[PDB]
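What follows is a single chain, given as structure tokens, in the form deposited in one PDB entry.
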């Protein structure tokens, strides 16, 4: 009978918990106990779905990660390089989803705890992007070492920079958040150059379907749709107070992140099989 708490409306929330105006009732009150925060996972409030979505997604991708790391070395041509190349993706996805549900659980703890776990959440998003670009770059430029190393270095530089700019303090000033968006913008848009490079180095038609670039376009559209649903905060923008617990904008963005990471894995795996069975050579027919 300890750690009792009820939900509260949006009006009586502290400033550091007023991060969405269209969620009227059902908010957790500030509770400076990790025990109560973790216990609240099994209770209904505004953050229940946002916790469970990426909790299940983390379990799912951890399952896929270790299971794929157990695939025997026979099925891979270069097992060591290709497995660490896949380990980057599965690690970044696991860390991203773990940081996400951890932040959403301890979100009501205190201002500083929510602050630090918010930074971890942004760093997790950057890690997921870097992880997603490691195996795609490997299996798209597997016969071209120079551009693979170049694009990998650019993405890693912008990813590391994205993590660092969002972790250290004194950059929370109004005029440094511009470069906060700038580094993440260079990170996000860094995939346009190698995509067209791949679509030009080989035929557009062979890359559209058998090159699995339509699946990369599918996940990109889903990522942009999720970011738009997030910034607009719909459907709760038009029906305020009706999507408090379920089907808020943040929950469908979490689901879209999971689905986009899954279709990325499927598109990469088809880029694998098409590259194992076919292609590889350059200038000889015989």
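Numbering follows the first chain given and starts at 1. Heads up, when I say rigid core I mean the largest set of C-alphas that superpose within 1.5 Å between the two forms.
Just going by the entry, 160 to 168 versus 96 to 104 on mean CA temperature factor gives the higher value to 160 to 168. For the two regions 185 to 193 and 204 to 212, the entry's Cα B-factors average higher over 204 to 212. Of all the options 129, 143, 91, 120, the entry's greatest CA B-factor is assigned to 143. The residue among 125, 80, 155, 113 whose C-alpha atom has the highest B-factor in the PDB entry is 80. Residue 109 sits in the lowest third of its chain by CA B factor, as recorded in the PDB entry. Sort the modelled residues of the chain by CA B factor and residue 58 lands in the lowest third.
Ranked within its chain, residue 241 lands in the highest third, by CA B factor from the PDB record. When the modelled residues of the chain are ordered by C-alpha B-factor, residue 267 sits in the middle third. Annotation for residue 223: C-alpha temperature factor in the highest third relative to the rest of the modelled chain, per the entry.
Another form, the form deposited in another entry, is not on view; read the next lines as being about it.
With the rigid core aligned between this form and the one not shown, the listed residues 181, 172, 196, 149 include just one Cα displaced by at least 2 Å, namely that of 172. After superposing the rigid core, the Cα of residue 77 is displaced by 2 Å or more between this form and the one not shown. Relative to this form, in the other form the C-alpha atoms of residue 176 and residue 130 separate from one another by 3 angstroms or more. The pair residue 64 and residue 74 is at least 3 angstroms closer at the CA level in the other form than in the present model.
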